[PDB]
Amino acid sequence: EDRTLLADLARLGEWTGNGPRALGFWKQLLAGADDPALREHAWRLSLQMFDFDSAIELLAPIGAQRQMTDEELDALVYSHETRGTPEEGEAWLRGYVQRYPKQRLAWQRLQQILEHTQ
């Protein structure tokens, strides 16, 4: 999230007060059993911390099991762009648009990517 995010985290009991330690904790909890809300707090926080690696790790599995929201999709595409790596971003986007081919925003991001000719 943007300006809400700290106020948002402070309401959760599972927010232990420290960006990094919270993320590793939640990653460990999610490794045992998934929790959608905790997964979201996790990747929101990943973006907050400029941890695009963790953002991609937490976001990509969603679109292997379900059609992502526009917010969920922009996050994973932005994360790939922002960290280097836009090749494997375009790679992932192709094929995401083959399952769930009805999310228009996915095709728009893929079209933008390929509008990088030369």
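A residue's number is simply how far along the shown sequence it sits, counting from 1.
27-35 and 70-78 differ in mean CA B-factor, and the higher of the two is recorded for 27-35. The stretch with the higher mean CA B factor, choosing between 109-117 and 4-12, is 109-117. The PDB entry gives the largest Cα B-factor of the residues 88, 51, 57, 40 to 88.
When the CA B factors of the chain's modelled residues are split into thirds, the value for residue 62 lands in the middle one.
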